[PDB]
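Presented below is the structure to which this report refers.
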Amino acid sequence: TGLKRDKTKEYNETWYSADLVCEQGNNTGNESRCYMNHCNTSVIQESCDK
Amino acid sequence: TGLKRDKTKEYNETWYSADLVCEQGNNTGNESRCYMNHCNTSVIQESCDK
Amino acid sequence: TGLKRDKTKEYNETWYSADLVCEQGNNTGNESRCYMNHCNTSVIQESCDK
Amino acid sequence: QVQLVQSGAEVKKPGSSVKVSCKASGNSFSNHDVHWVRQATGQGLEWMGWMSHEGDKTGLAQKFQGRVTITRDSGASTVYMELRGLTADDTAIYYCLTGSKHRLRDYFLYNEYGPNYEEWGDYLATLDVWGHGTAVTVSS
Amino acid sequence: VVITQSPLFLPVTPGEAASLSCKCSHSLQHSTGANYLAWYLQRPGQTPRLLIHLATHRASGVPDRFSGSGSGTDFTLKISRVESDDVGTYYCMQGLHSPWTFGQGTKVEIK
Ligand SMILES: *[C@@H]1O[C@H](CO)[C@@H](O[C@@H]2O[C@H](CO)[C@@H](O[C@@H]3O[C@H](CO[C@H]4O[C@H](CO[C@H]5O[C@H](CO)[C@@H](O)[C@H](O)[C@@H]5O)[C@@H](O)[C@H](O[C@H]5O[C@H](CO)[C@@H](O)[C@H](O)[C@@H]5O)[C@@H]4O)[C@@H](O)[C@H](O[C@H]4O[C@H](CO)[C@@H](O)[C@H](O)[C@@H]4O[C@H]4O[C@H](CO)[C@@H](O)[C@H](O)[C@@H]4O)[C@@H]3O)[C@H](O)[C@H]2NC(C)=O)[C@H](O)[C@H]1NC(C)=O
Ligand SMILES: *[C@@H]1O[C@H](CO)[C@@H](O[C@@H]2O[C@H](CO)[C@@H](O[C@@H]3O[C@H](CO)[C@@H](O)[C@H](O[C@H]4O[C@H](CO)[C@@H](O)[C@H](O)[C@@H]4O)[C@@H]3O)[C@H](O)[C@H]2NC(C)=O)[C@H](O)[C@H]1NC(C)=O
Ligand SMILES: *[C@@H]1O[C@H](CO)[C@@H](O[C@@H]2O[C@H](CO)[C@@H](O[C@@H]3O[C@H](CO)[C@@H](O)[C@H](O[C@H]4O[C@H](CO)[C@@H](O)[C@H](O)[C@@H]4O)[C@@H]3O)[C@H](O)[C@H]2NC(C)=O)[C@H](O)[C@H]1NC(C)=O
Ligand SMILES: *[C@@H]1O[C@H](CO)[C@@H](O[C@@H]2O[C@H](CO)[C@@H](O[C@@H]3O[C@H](CO)[C@@H](O)[C@H](O[C@H]4O[C@H](CO)[C@@H](O)[C@H](O)[C@@H]4O)[C@@H]3O)[C@H](O)[C@H]2NC(C)=O)[C@H](O)[C@H]1NC(C)=O
Ligand SMILES: *[C@@H]1O[C@H](CO)[C@@H](O[C@@H]2O[C@H](CO)[C@@H](O[C@@H]3O[C@H](CO)[C@@H](O)[C@H](O)[C@@H]3O)[C@H](O)[C@H]2NC(C)=O)[C@H](O)[C@H]1NC(C)=O
Ligand SMILES: *[C@@H]1O[C@H](CO)[C@@H](O[C@@H]2O[C@H](CO)[C@@H](O[C@@H]3O[C@H](CO)[C@@H](O)[C@H](O)[C@@H]3O)[C@H](O)[C@H]2NC(C)=O)[C@H](O)[C@H]1NC(C)=O
Ligand SMILES: *[C@@H]1O[C@H](CO)[C@@H](O[C@@H]2O[C@H](CO)[C@@H](O[C@@H]3O[C@H](CO)[C@@H](O)[C@H](O)[C@@H]3O)[C@H](O)[C@H]2NC(C)=O)[C@H](O)[C@H]1NC(C)=O
Ligand SMILES: *[C@@H]1O[C@H](CO)[C@@H](O[C@@H]2O[C@H](CO)[C@@H](O)[C@H](O)[C@H]2NC(C)=O)[C@H](O)[C@H]1NC(C)=O
Ligand SMILES: *[C@@H]1O[C@H](CO)[C@@H](O[C@@H]2O[C@H](CO)[C@@H](O)[C@H](O)[C@H]2NC(C)=O)[C@H](O)[C@H]1NC(C)=O
Ligand SMILES: *[C@@H]1O[C@H](CO)[C@@H](O[C@@H]2O[C@H](CO)[C@@H](O)[C@H](O)[C@H]2NC(C)=O)[C@H](O)[C@H]1NC(C)=O
Ligand SMILES: *[C@@H]1O[C@H](CO)[C@@H](O[C@@H]2O[C@H](CO)[C@@H](O)[C@H](O)[C@H]2NC(C)=O)[C@H](O)[C@H]1NC(C)=O
Ligand SMILES: *[C@@H]1O[C@H](CO)[C@@H](O[C@@H]2O[C@H](CO)[C@@H](O)[C@H](O)[C@H]2NC(C)=O)[C@H](O)[C@H]1NC(C)=O
């Protein structure tokens, strides 16, 4: 959900292989729950610069 | 919702006509729902000073 | 809820007598609703350095 | 092609209560919603209530508000619908039927502290399998 | 919230087309764009059979002659080449707000 804190907007982003850690499980669904690499250790800030 | 992060409390606050942009729809309800004028472009800070 | 903003994690913290205010009422449940002593007036910080 | 089995017809005095029992082959109720419909001879169909297959949102109709109670056995093996305050107008054939729902989000307040505030509402779309029905006669 | 079904009584000559109307106007405060409406046919001595769901999609096994159309408040059900098998009462089921209700129904016979 964006700046307007009332509604959400689903997007898509494509990571790479070495940028995700996935939770293994017996889930048969075609969707694989999977977090980011290091978002449970410390908040990571972008490099929104040149 | 207040500082105590629970048990929200309804308020009122009346604006002027030059401070709202309201979506137009076919809704018949007596309540017109809409947002601020520039709250979907950047956060606006109060001027809590003299 | 913790840093992974998708799930909850219950803890227990054992406070002291002089650091809690509890709601008074006709409730019969064995659980007593209480808040921190001074979190409805300001945000409190931790004496985080040594 | 799920099969629904309902209890036999009953005859009751005015002002008493009836408790119907409904079952689905293969415990289909554990994955599909449950509903209840009635109709009087020569009259239109009348809706009664429902209950989510997850068992979260349970309610009744405005007409029978407080007059009916819907309950199921653990595991959704059986579903029981109980009605009280019977009268002559209550004489109807009571039907047990399955279905599903479209649980969508109706509100959202991104709570920066703690979890997010979500509100969900259930809207009835699917009505696939109908039960044979139970005939109830309110008479002395 | 009420439902108006017209006409009450619709004699149809065999091989002719038929039109049924189920109108709802109390869509207070909205929620989902596609208001849920479901059409069912109850033949004598038979359980009601689903015909249309979401007001535009045919149900499984329904012949193409049964078509449901409409959006917003006014909806219509169109039947082509009516036959004896189509004799019965057509019910339109609101699927918007809790509690939900049946439609008063429209009676169709062979003229
Ligand atoms: C982030 O936001 C998005 C957007 O809000 C969230 O997506 C929502 O996610 C929930 C699940 O978390 C989905 O719920 C599922 O919805 C279907 C029905 O939805 C179908 O119809 C919708 C209506 O379409 C008509 O109306 C619209 C206008 O309103 C018109 O434009 C259309 O033309 C139609 O006329 C339609 O909007 C839906 O499209 C969306 O979903 C489909 C997939 O369904 C996507 O392809 C689309 O791109 C789009 O996202 C859709 O076509 C229900 O059928 C599901 O019900 C099942 O699950 C329930 C519990 O979740 C359960 O209570 C039901 O009984 C049912 O059970 C299911 O599972 C059982 C086994 O467990 C089965 O036995 C059973 O058969 C069934 O399979 C479900 O409710 C929302 O549709 C989806 N979108 C919206 C708008 O709500 C997203 O979830 C958010 N993020 C998170 C983390 O939540
Ligand atoms: C953030 O989330 C990630 C993902 O859940 C999490 O990673 C976890 O780290 C711990 C600590 O290292 C792993 O602990 C495992 O414990 C089992 C117990 O039997 C071990 O067998 C595992 O060994 C693996 O790794 C060895 C190499 O060190 C291999 O030789 C061996 O074959 C095993 O592959 C392992 O030590 C845990 O497995 C991961 N998670 C997953 C899904 O693997 C991380 O700790 C989290 N960080 C936080 C919360 O700060
Ligand atoms: C924050 O939210 C507001 C409110 O939704 C939003 O304002 C919107 O801006 C867009 C971009 O300009 C407007 O887009 C419209 O697109 C239609 C397409 O046909 C045009 O016809 C519209 O023209 C109007 O304006 C002209 C003058 O420029 C008039 O001459 C003309 O007659 C029309 O009135 C218009 O360009 C959109 O209409 C508005 N929405 C509203 C409700 O006004 C704003 O962009 C958002 N800011 C963000 C997301 O940063
Ligand atoms: C944060 O939460 C706390 C706890 O709820 C809250 O404390 C409240 O402060 C007000 C401010 O005075 C108290 O107001 C009461 O009002 C009644 C009205 O009749 C009085 O009778 C009360 O008197 C008590 O205190 C006297 C001493 O001042 C005693 O002599 C007397 O016997 C009574 O015990 C009292 O003035 C209110 O009572 C408390 N809360 C509770 C539960 O008592 C504080 O205000 C909150 N801060 C915020 C919202 O900023
Ligand atoms: C994961 O993806 C696969 C591949 O898309 C999905 O399998 C396909 O699922 C669809 C939807 O259920 C099936 O369509 C239906 O199949 C039945 C027969 O089972 C048929 O009678 C219907 O008319 C309709 O076509 C499709 O057949 C099926 N295909 C295969 C090869 O399996 C699967 O469902 C997805 N699973 C999840 C959890 O998303
Ligand atoms: C928004 O501002 C309005 C003021 O215009 C506040 O309205 C006031 O609300 C109180 C109760 O919350 C009203 O008192 C009650 O009035 C009814 C009227 O029938 C009476 O029956 C009750 O016994 C009680 O006295 C008060 O009249 C009303 N004043 C108005 C409308 O002028 C409202 O509280 C504000 N919203 C908030 C604080 O959330
Ligand atoms: C709050 O702190 C207490 C410690 O005083 C934690 O209590 C402990 O909780 C664990 C399970 O979370 C208990 O283990 C289980 O005990 C039951 C007792 O019958 C046993 O049958 C199970 O096989 C299992 O061993 C443990 O006994 C218990 N210890 C106590 C009460 O002294 C509690 O977990 C903390 N709350 C949290 C973490 O939310
Ligand atoms: C662990 O995961 C595997 C693979 O997902 C599971 O294997 C399934 O086992 C059930 C019966 O227990 C079968 O019906 C499925 O066809 C098997 N495959 C899948 C993809 O589900 C296994 O059961 C899981 N073990 C658990 C949950 O304890
Ligand atoms: C937008 O809202 C207006 C006002 O409610 C709608 O106006 C009605 O439109 C229908 C056709 O869909 C007419 O039959 C009615 O006579 C119109 N007036 C009223 C008072 O209902 C308009 O239809 C809406 N736009 C849509 C639905 O696309
Ligand atoms: C909008 O306001 C009007 C006027 O107060 C409401 O109309 C009244 O509604 C009440 C409640 O149903 C009735 O008892 C009155 O007879 C109505 N009077 C008139 C003149 O219409 C209307 O219901 C309100 N609508 C909404 C959506 O709030
Ligand atoms: C506040 O809580 C007390 C304790 O539960 C209630 O005490 C009861 O009050 C009722 C009358 O309202 C008496 O009949 C009971 O004998 C009292 N004791 C118990 C154990 O129930 C008190 O009523 C509550 N205040 C209210 C409801 O206003
Ligand atoms: C508060 O704690 C007491 C004591 O543990 C609970 O009383 C017991 O409740 C269980 C569960 O119903 C019964 O099986 C016991 O027989 C009860 N014992 C006594 C001495 O009362 C009580 O239920 C708890 N109440 C709440 C609201 O948690």
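What follows draws every value from the coordinates through simple rules; no lab data is involved. Here Cβ is always computed from backbone atoms with ideal geometry, including for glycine, and neighbour counts include all displayed protein chains.
What do you reckon, is B:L20 at negative phi, within 14 Å of chain C (Cβ to nearest Cβ) and away from ligand 7 (no atom under 16 Å from the Cβ)?
Here the answer is no, as B:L20 does not meet what is asked.
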Failed criterion for C:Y35 (all others in (1) surrounded by 10 or more Cβ atoms within 10 Å (Cβ to Cβ); (2) more than 11 Å from the chain's Cα centre (by Cα); (3) not in a loop (DSSP other than H, G, I, E, B) hold): (2)
Consider segment E:97-111. How many of its residues are crowded, with 17+ Cβ neighbours inside 10 Å, facing chain D (nearest Cβ under 7 Å) and more than 11 Å from the chain's Cα centre (by Cα)? 3
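Starting from residues that are in a loop (DSSP other than H, G, I, E, B) and within 9 Å of another protein chain (Cβ to nearest Cβ), keep the ones in segment E:46-59 and report whichever is surrounded by the most Cβ atoms within 10 Å (Cβ to Cβ).
Step one: filter segment E:46-59 for residues in a loop (DSSP other than H, G, I, E, B), giving E:46-48, E:54-56, E:59.
Adding the requirement that they be within 9 Å of another protein chain (Cβ to nearest Cβ) leaves E:47-48, E:54, E:59.
Numbers: E:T47: 15, E:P48: 23, E:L54: 15, E:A59: 18.
For segment E:46-59, the residue satisfying everything is E:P48.
It is to be established whether one or more residues within segment D:129-140 are among the β-branched types (V, I, T), in a loop (DSSP other than H, G, I, E, B), away from chain A (no Cβ under 14 Å) and more than 14 Å from the chain's Cα centre (by Cα).
There is no residue in segment D:129-140 that is among the β-branched types (V, I, T), in a loop (DSSP other than H, G, I, E, B), away from chain A (no Cβ under 14 Å) and more than 14 Å from the chain's Cα centre (by Cα).
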All but one of (1) over 17 Å from the mean Cα position of the chain (by Cα); (2) within 14 Å of another protein chain (Cβ to nearest Cβ) hold for C:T28; which doesn't? (2)
Between D:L109, D:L86, D:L45, which is within 14 Å of chain A (Cβ to nearest Cβ) and either under 13 Å from the mean Cα position of the chain (by Cα) or of a type in the set (A, V, I, L, M) (or both)? D:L109
Consider E:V82 against the criteria (1) away from every other protein chain (no Cβ under 14 Å); (2) in a loop (DSSP other than H, G, I, E, B); (3) surrounded by fewer than 13 Cβ atoms within 10 Å (Cβ to Cβ): it satisfies all of them except one. Which criterion is unmet? (3)
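Looking at the structure I just gave you, is A:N40 surrounded by 10 or more Cβ atoms within 10 Å (Cβ to Cβ), within 16 Å of ligand 2 (Cβ to nearest atom) and in a loop (DSSP other than H, G, I, E, B)? Give the derivation first.
Details: surrounded by 10 or more Cβ atoms within 10 Å (Cβ to Cβ): yes; within 16 Å of ligand 2 (Cβ to nearest atom): yes; in a loop (DSSP other than H, G, I, E, B): yes.
Judged against the criteria, A:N40 is a match.
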Going by the structure shown, is D:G15 within 19 Å of D:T126 (Cα to Cα), more than 14 Å from chain E (Cβ to nearest Cβ), of a type outside the set (K, R) and surrounded by fewer than 13 Cβ atoms within 10 Å (Cβ to Cβ)? no
Of (1) surrounded by fewer than 17 Cβ atoms within 10 Å (Cβ to Cβ); (2) within 12 Å of another protein chain (Cβ to nearest Cβ); (3) touching a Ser or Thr at 6+ places or on another chain (Cβ under 8 Å), D:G75 satisfies every one except (2)
